[PDB]
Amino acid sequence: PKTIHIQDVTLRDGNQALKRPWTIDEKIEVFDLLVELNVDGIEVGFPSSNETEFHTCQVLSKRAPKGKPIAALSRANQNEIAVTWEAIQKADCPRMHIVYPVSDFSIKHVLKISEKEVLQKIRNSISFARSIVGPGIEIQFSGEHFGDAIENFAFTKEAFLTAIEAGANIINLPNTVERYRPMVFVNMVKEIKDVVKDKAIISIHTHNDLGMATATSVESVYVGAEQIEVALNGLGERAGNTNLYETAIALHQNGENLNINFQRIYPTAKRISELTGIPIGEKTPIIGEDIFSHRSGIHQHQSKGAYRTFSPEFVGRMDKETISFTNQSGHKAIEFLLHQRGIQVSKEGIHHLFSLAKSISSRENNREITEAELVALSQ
């Protein structure tokens, strides 16, 4: 039986990509939505960025429920690591999260340093972090641009093993920019797991540039990833982080056990939509207005039975697909109702009652016609 932790990064990766970043009270509202959704951990921010974010991280750390991992992000240097720890140490379960780049391009063309120097930086930063937080505290290390570490993939194994030996309990593998295809990333995850084994938790953090973040994250589980970093409503850099709802529902549909309160999905998404001013597209998976419609029939319980993965109510929505007597499906519905009661009426009579249904609907507006009165109208 697989353990899969859903790690939310909305307050960090999501907030920082926002056209209109959140105030402290909005961040607190979002934090509370995350707690009620029962995610397995929450990254509250990047406290080194500025004094406001520092304050927010501290407030959220103290608000955090007991036993709920509270993470904050730091770059790989002693002073910033110390500041980060100061931000979160008051949380019941603080988690230190350190990032450093590991891709060939980053090392050769951005950092312009050797691989040996990279390993030294990784080891020194994680070791230092462990020196200030003590033994009981989870440390996560992210290899930035891991998804692009193609030419230096072997190095990447060394980097993560180094991080673990220095004290990292979680190795986070980001697909910082989505460039290829899920199984390219997933094969890399598999090879990392092959050398990490039980020495650390493998986490993944995928972005959605080619519309394949959910798939990449989901398939990573089946090669050994036990944590997925996600965001509400697919917020985050560019096209966004891995969508929390799609990932949670997909894993559930595949038989996995998650702590997520699935029925909080829709009320959460609606509120996040309001807080960001980003409407929920009507065809958006899980939460889209129109995704439970089965309309194709109009052109010619069975639809609900053979063509639905999960019910509206499962994600906290009301089922709005109610048989009506006032539309393109209106006419045939009256036929079926009359059939049920054993009332025989000609095709012209049905066409008649059809018009009466749309009539007494406009009067006392709109469209709320009962079977009982429709039976009374015919006979």
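Numbers follow the displayed sequence, beginning with 1.
Taking the mean C-alpha B-factor of each stretch as recorded, 330-338 and 35-43 are not equal, and the higher mean is that of 330-338. Of the two segments, 104-112 and 88-96, the one listed with the higher mean B-factor is 104-112 (C-alpha atoms only). In the PDB entry, residue 276 places in the middle third of its chain by CA B-factor. When all modelled residues of the chain are sorted by CA temperature factor, residue 316 is found within the lowest third. Ranked within its chain, residue 307 lands in the highest third, by CA B factor from the PDB record. Residue-level temperature factors show residue 141 in the lowest third of its chain, judged at the C-alpha atom. Split the chain's modelled residues into thirds by C-alpha temperature factor. Residue 6 is in the lowest one.
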